Amino acid sequence: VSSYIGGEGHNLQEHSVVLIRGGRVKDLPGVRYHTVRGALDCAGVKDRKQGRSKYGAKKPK
Amino acid sequence: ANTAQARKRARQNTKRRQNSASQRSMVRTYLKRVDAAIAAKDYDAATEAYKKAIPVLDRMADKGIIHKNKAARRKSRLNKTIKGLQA
Amino acid sequence: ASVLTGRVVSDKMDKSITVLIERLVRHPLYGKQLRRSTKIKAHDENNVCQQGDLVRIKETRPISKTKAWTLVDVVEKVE
Amino acid sequence: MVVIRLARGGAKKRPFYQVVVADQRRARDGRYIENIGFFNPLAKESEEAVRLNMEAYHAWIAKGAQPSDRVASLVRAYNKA
Amino acid sequence: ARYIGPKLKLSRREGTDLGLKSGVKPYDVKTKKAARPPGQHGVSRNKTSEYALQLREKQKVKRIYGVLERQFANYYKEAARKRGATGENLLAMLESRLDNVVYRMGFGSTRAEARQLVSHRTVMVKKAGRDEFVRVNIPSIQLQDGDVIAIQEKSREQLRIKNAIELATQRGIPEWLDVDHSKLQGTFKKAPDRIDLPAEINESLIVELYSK
RNA sequence: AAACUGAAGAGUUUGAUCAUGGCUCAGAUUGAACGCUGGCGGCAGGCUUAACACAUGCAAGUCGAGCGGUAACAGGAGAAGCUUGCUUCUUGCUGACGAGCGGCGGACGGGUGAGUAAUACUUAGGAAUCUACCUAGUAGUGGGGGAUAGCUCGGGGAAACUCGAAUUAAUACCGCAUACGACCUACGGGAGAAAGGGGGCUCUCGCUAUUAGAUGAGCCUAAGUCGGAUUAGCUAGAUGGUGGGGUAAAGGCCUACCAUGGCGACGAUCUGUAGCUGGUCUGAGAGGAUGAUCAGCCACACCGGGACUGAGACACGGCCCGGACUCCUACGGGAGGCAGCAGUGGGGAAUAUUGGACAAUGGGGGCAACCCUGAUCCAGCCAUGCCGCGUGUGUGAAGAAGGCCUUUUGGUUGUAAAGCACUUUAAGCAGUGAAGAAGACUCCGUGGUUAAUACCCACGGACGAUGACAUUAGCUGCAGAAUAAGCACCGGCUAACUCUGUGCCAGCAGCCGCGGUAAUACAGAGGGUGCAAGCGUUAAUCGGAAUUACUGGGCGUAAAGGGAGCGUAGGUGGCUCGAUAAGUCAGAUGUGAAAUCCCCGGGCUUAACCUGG
RNA sequence: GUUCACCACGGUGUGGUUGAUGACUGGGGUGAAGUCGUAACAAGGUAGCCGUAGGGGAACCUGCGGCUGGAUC
């Protein structure tokens with residue numbers, strides 16, 4: 001299946017190992033899954049501050 | 001068998017089974033005579049075959065080779081087909 | 001002990017009859033009582049009753065493969 | 001045989017037994033024949049700590065059951081007061 | 001958990017005094033901002049909805065007694081099950097909490113300081129019928145008809161307890177509680193009736209909110 | 001007295017409207033996963049996927065008071081080399097004890113849910129059965145024989161093991177003798193047991209035959225219990241009967257013959273899927289979904305098949321045969337089965353220690369002493385859940401600074417901070433310290449027993465032998481605010497608004513939708529809102545959905561009357577007088593396990609939890 | 001021990017059901033500043049629609065029967 005990479009920027013290529021969760025994207029026909037950011041190979045959104053846990057971003061120190 | 005007692009109970013079973021199968025076979029031969037004498041419709045030979053079977057048949061039921069209820073049933077049912085065989 | 005009453009729908013077996021007992025089992029959601037029926041084969045030793053008769057049958061020790069009831073009384077007979 | 005024994009209830013470090021008549025081969029907390037009381041090891045001085053229906057504890061003795069060494073002493077220290 | 005942050009911006013969000021500050025100053029002098037809700041805008045447009053007067057009425061009772069949602073939704077579950085009116089069985093469970101009662105009796109300047117007395121093992125409770133004075137550190141103990149409260153001997157000379165009494169007398173003492181200043185001892189004679197608490201709390205909005 | 005309390009809607013079709021109707025949302029729940037974060041305690045829970053393959057350790061032993069005995073061990077008596085205090089060899093003489101014969105246990109406890117749609121389960125009954133240990137009885141327990149394991153002697157085998165000769169004991173085995181019951185009977189009569197051990201002739205543990213209990217097991221009947229008719233016909237030992245066999249026992253269970261039956265639209269047959277229940281979640285209820293942990297039942301134990309022994313198995317850690325796989329081998333042969341408890345590899349989104357003790361409750365053995373018990377009781381890991389507590393508390397204004405907005409000076413963060421005065425829950429440190437323990441043994445006394453003041457047993461006293469947890473729970477002191485806040489959201493639903501950046505891009509989104517140069521919808525900030533040691537997201541069930549409408553919907557035109565009729569099964573059905581009592585109603589009785597749910601109480605400091613009725 | 005009976009594994013042949021794939025092919029849907037027309041909605045410029053048959057690049061046209069869910073009369 002095809003999943004949606006949410007957030008501004010990612011680091012996914014071929015043979016990247018990703019966690020896929022449910023949840024469709026309304027604007028995208030035939031996309032019913034979201035890739036989990038921060039899970040296995042997908043990195044958390046780099047400079048995220050507010051909704052950090054939804055984008056796998058650590059709390060900035 | 002993995003434990004001593006399990007190994008012992010297993011060699012103790014061949015012994016207890018060879019001994020009780022030479023007596024299980026004994027119970028059967030003595031009933032072949034009673035069924036071989038009935039098949040030839042001979043009251044005199046059947047009563048002399050049924051008569052030397054009661055002691056065998058039920059001595060081996062006291063021992064455990066067969067069950068008393070099988071010993072009673074074999075006696076009853078064989079005495080019901082010789083008694084009817086020109087008593 | 002446990003006697004049951006029904007009609008005889010078959011008697012073409014030796015010392016055996018088929019008895020049709022009717023029951024009103026109620027639907028567990030809609031509440032309407034549906035009249036259902038089961039065929040119980042009973043034992044008629046003398047083989048006297050025919051089909052279409054009222055017979056009482058009581059549960060007893062099984063007599064055959066699919067026969068464990070016996071005839072005890074014939075209250076009604078074919079007209 | 002049939003045994004009159006305790007079946008543990010309560011919680012961790014807070015046991016509460018129920019004196020029970022059961023087949024001896026059933027699990028301690030498994031199937032039984034009749035429950036005939038209870039027992040609080042940790043109880044207060046103003047609370048029922050041992051209760052046992054003596055009419056069936058005796059019915060079940062003339063009948064064949066064999067009390068355990070904990071319940072036999074429990075009766076022994078409950079009918080004396 | 002408990003709420004640690006500023007207390008006079010809770011009241012300000014409710015639009016009324018919540019007793020979150022000991023009564024040494026008038027409520028409109030301790031904050032002086034209590035016309036507008038806290039934050040940048042506070043007093044503005046938009047028409048509040050039925051859900052907002054329900055959430056704010058239950059948030060207010062929670063802030064008064066210092067109880068969080070999970071412990072407070074359990075109270076409504078006890079009050080609904082319990083026979084009688086739900087919104088009055090709820091106001092009794094909250095007024096029968098041990099940390100609330102050592103403030104209605106006068107040993108705490110405010111419920112947050114009375115929470116700091118019960119929790120720090122400085123208040124003994126004696127259940128009616130028993131004769132021993134157990135020490136407790138659980139603010140949420142539901143008192144019953146006849147329970148007796150007493151301050152711990154170690155902390156009977158407390159400089160903060162002594163002035164919490166002085167300041168309570170002005171606030172007054174309820175009739176369902178009997179206090180003894182000299183012996184630093186009380187008695188929870190009875191749970192308070194509906195007509196013994198302010199009529200500004202609308203408990204019918206609380207029961208209305210917990211039904212979706 | 002009480003169990004008797006419970007029901008919300010919104011957005012979105014239109015220029016607007018009402019209706020219809022779908023979609024979406026707000027709730028609750030979880031054996032959950034993931035993301036960010038994370039302090040503690042109590043109580044629970046923790047491989048849902050591979051019934052995948054399994055390294056290693058443990059999970060079933062026990063009895064010398066059945067027996068020959070003596071491999072070790074410890075003593076004891078004498079030989080004493082005496083080396084004078086070194087010290088050894090003979091002895092089962094004693095405590096005991098490896099292997100061996102014998103008994104009991106291993107059929108329980110524990111695990112799993114593959115199979116199984118009905119030899120299952122639930123409810124209610126039935127009759128044709130067996131039942132170790134236990135309770136209460138009854139009649140006995142007499143007298144002999146031939147062996148044999150261990151031990152020898154000799155081989156074979158790499159091992160696993162094995163072959164032969166000789167041969168000893170027994171509560172091992174086999175005759176004979178008797179037999180209250182019990183069995184067969186043609187009812188005249190026939191046949192059938194056992195074993196000894198222990199304590200000072202007794203008593204006791206045993207054994208034999210059996211009766212009645214209890215317990216357990218087997219068997220049967222009726223009713224109920226998933227989907228598919230784009231599966232309608234299914235059956236030949238199949239339906240029934242007789243003679244015979246078979247079983248502990250009814251029975252086509254088997255067999256020979258005889259008849260031609262048996263089942264099915266009230267769903268047979270064939271399929272797909274599934275362990276069933278008490279229960280659990282949800283719901284106002286009716287319903288719907290589900291069958292983890294706890295308890296009952298069932299089935300299974302690498303796969304297929306057969307049995308043995310035994311009261312009980314067609315046997316989880318037993319046997320035999322076959323098979324797949326893994327391993328050892330000297331290549332001839334052999335060994336094994338974690339769906340026991342830990343644990344490994346693998347699969348997976350994901351689920352823990354190769355822990356302690358039998359102290360307690362149980363189970364196995366024993367006369368006991370005592371041994372065994374991965375049951376169990378605990379401890380370890382994990383925010384996985386429920387519950388509880390904390391991360392301080394008061395007081396503090398020309399309302400400090402800093403941030404943010406701004407009309408450039410005000411607002412706001414905000415009593416918030418600082419300052420001042422306190423407090424020490426939890427954690428840490430130090431003490432003290434219940435209860436889980438049932439009082440074993442030994443001694444005395446009484447009663448029974450007896451030929452006996454022995455022995456044995458019951459009862460009554462003394463006494464303190466026994467705690468894994470454990471450095472317990474609790475209780476009391478010391479110290480210092482000291483060690484402890486994050487997560488989501490803020491256009492509407494839906495509580496909470498502003499700047500800056502961006503410019504139909506980057507992005508958000510459950511839905512309606514936002515973004516094209518002034519974005520409350522993206523990204524960051526300030527401020528706020530809701531939860532809080534958690535908070536969100538995803539998955540999943542029910543709800544809202546009266547959106548399968550039984551409670552509780554519709555069919556002129558919104559989806560929906562068959563083209564019309566006749567008619568089979570079926571459903572329903574006029575009046576009056578009777579009978580019956582099946583339905584219906586009422587009463588009684590039995591049953592509906594316990595736990596769970598609810599009500600009233602009682603104990604944990606509260607609660608979760610446990611618990612009585 | 002031998003032999004017969006029952007029987008597990010295993011083998012053989014022939015069918016049924018069902019999953020994945022398959023050159024090519026049929027319609028369905030989505031997608032842009034396409035090409036050809038303009039079939040329907042007004043009497044939509046030949047009223048529309050239903051069944052059926054023939055025809056046609058394509059909407060569609062024509063015949064037969066039916067309906068009003070057809071305006072103008």
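Residue numbers start from 1 in every chain, and the chains themselves are labelled A, B, ... in the order their sequence lines are given, proteins ahead of strands. Any value given below was found using the heavy atoms of this structure, including those in side chains, with hydrogens, waters and symmetry copies removed.
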Does the structure show a Watson-Crick or G-U wobble partner for [N], both distances under 3.5 Å? Name it, or say none.
{"N": "F/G175", "value": "none"}
{"N": "G/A47", "value": "G/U68"}
{"N": "F/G571", "value": "none"}
{"N": "F/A359", "value": "none"}
{"N": "F/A259", "value": "F/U239"}
{"N": "F/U141", "value": "F/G206"}
{"N": "F/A549", "value": "none"}
{"N": "F/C609", "value": "F/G603"}

Respond yes when some side-chain nitrogen or oxygen of [X] is under 4.0 Å from OP1 or OP2 of [N], and no when none is.
{"X": "B/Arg73", "N": "F/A249", "result": "yes"}
{"X": "B/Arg7", "N": "F/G61", "result": "no"}
{"X": "A/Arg52", "N": "F/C487", "result": "yes"}
{"X": "A/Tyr4", "N": "F/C508", "result": "yes"}

| message | Can you tell me how the ring of D/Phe16 sits relative to the ring of D/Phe38, calling it parallel under 30°, perpendicular over 60° and tilted otherwise? | response | parallel
| Should the ring pair C/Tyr30 and C/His27 be called parallel, tilted or perpendicular, given that the plane angle runs from 0 to 90° and is split at 30 and 60? | parallel
Using the [atom1] atom as the point on both nucleotides, what is the distance between [M] and [N], in whole Å?
{"N": "F/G337", "M": "F/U326", "atom1": "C1'", "answer": "10 Å"}
{"N": "F/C220", "M": "F/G142", "atom1": "P", "answer": "47 Å"}
{"N": "F/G246", "M": "F/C219", "atom1": "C1'", "answer": "16 Å"}
{"N": "F/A299", "M": "F/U148", "atom1": "P", "answer": "46 Å"}
{"N": "F/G380", "M": "F/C469", "atom1": "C1'", "answer": "13 Å"}
{"N": "F/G410", "M": "F/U391", "atom1": "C1'", "answer": "37 Å"}
{"N": "F/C205", "M": "F/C174", "atom1": "P", "answer": "28 Å"}
{"N": "F/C389", "M": "F/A426", "atom1": "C1'", "answer": "7 Å"}

| side-chain contact (heavy atoms from CB on, under 4.5 Å) between D/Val3 and D/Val21, worked out | CA-CA 6 Å; D/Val3 288; D/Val21 156; over 6 Å; no
Any base atoms under 4.0 Å from [X], or only sugar-phosphate, or nothing? Heavy atoms, all strands.
{"X": "E/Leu98", "value": "nothing"}
{"X": "E/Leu117", "value": "nothing"}
{"X": "C/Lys32", "value": "sugar-phosphate"}

| remark: Side-chain atoms of D/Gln18 come closest, of F/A438, F/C609, F/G612, to F/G612
Under a 3.5 Å threshold, yes or no: a donor from one side chain and an acceptor from the other, between [X] and [Y]?
{"X": "C/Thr18", "Y": "C/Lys39", "result": "no"}
{"X": "E/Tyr27", "Y": "E/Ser11", "result": "yes"}
{"X": "B/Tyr50", "Y": "B/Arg74", "result": "no"}
{"X": "C/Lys67", "Y": "C/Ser16", "result": "yes"}

Verify whether the stacking test passes for [N] and [M], with limits of 5.5 Å on the ring-centre separation and 30° on the angle between planes.
{"N": "F/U14", "M": "F/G15", "value": "no"}
{"N": "F/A26", "M": "F/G27", "value": "no"}
{"N": "F/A265", "M": "F/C266", "value": "no"}
{"N": "G/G44", "M": "G/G45", "value": "no"}
{"N": "F/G570", "M": "F/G571", "value": "yes"}

| request: Identify the residue among C/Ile40, C/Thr70, C/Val3 that makes a side-chain contact (heavy atoms from CB on, under 4.5 Å) with C/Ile57. | output: C/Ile40
When only distance counts, do a donor and an acceptor, one from the side chain of [X] and one from the base of [N], lie under 3.5 Å apart?
{"X": "B/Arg17", "N": "F/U309", "answer": "no"}
{"X": "E/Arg12", "N": "F/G528", "answer": "no"}
{"X": "E/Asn137", "N": "F/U605", "answer": "yes"}
{"X": "B/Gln5", "N": "F/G61", "answer": "yes"}

Please list each protein N or O that sits under 3.5 Å from an N or O in nucleotides 382-387 of chain F, with the distance.
from: F/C387; atom 1: OP1; to: E/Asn74; atom 2: OD1; distance (Å): 3.4
from: F/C387; atom 1: OP1; to: E/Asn74; atom 2: ND2; distance (Å): 2.9
from: F/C387; atom 1: OP2; to: E/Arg70; atom 2: NH1; distance (Å): 2.4

| query | Starting at OH of B/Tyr50 and ending at P of F/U185, how long is that distance when rounded to a whole Å? | reply | 7 Å
| request: Quickly work out the B/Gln86 CD to F/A186 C1' distance and round it to whole Å. | output: 14 Å
| field | Partner of E/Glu14 under salt bridge (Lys or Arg N to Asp or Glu O under 4.0 Å), chosen from E/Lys9, E/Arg56, E/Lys62, E/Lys7 | value | E/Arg56
List, with names and distances, any nitrogen or oxygen atoms from the protein found under 3.5 Å away from nitrogen or oxygen atoms belonging to nucleotides 204-209 of chain F.
from: F/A209; atom 1: OP1; to: B/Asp62; atom 2: OD1; distance (Å): 3.0

| note | Sorted by position of nearest nucleotide on RNA chain F, 5' first, the leading residue of E/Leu8 and D/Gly37 is E/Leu8
| field | Is_stacked (E/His120, F/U425) at 5.5 Å, 30 deg | value | yes
| request: Salt-bridge test for D/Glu47 and D/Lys44: reply yes if a basic N is under 4.0 Å from a carboxylate O, no otherwise. | output: no
Based on the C1'-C2'-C3'-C4' dihedral, does [N] have a north or a south sugar?
{"N": "F/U424", "answer": "south"}
{"N": "G/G37", "answer": "north"}
{"N": "F/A462", "answer": "north"}
{"N": "F/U344", "answer": "north"}
{"N": "F/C405", "answer": "north"}

| said: Pair B/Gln23, B/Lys63 - check side-chain contact (heavy atoms from CB on, under 4.5 Å), show working. | reply: CA-CA 10 Å; B/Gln23 292 197 116; B/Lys63 286 183 180 327; 3.6 Å; yes
What pairs of donor and acceptor atoms, side-chain ones from residues 132-139 of chain E against any protein atom, are under 3.5 angstrom apart with sequence neighbours left out?
from: E/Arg135; atom 1: NE; to: E/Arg121; atom 2: O; distance (Å): 3.4
from: E/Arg135; atom 1: NH2; to: E/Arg121; atom 2: O; distance (Å): 2.4

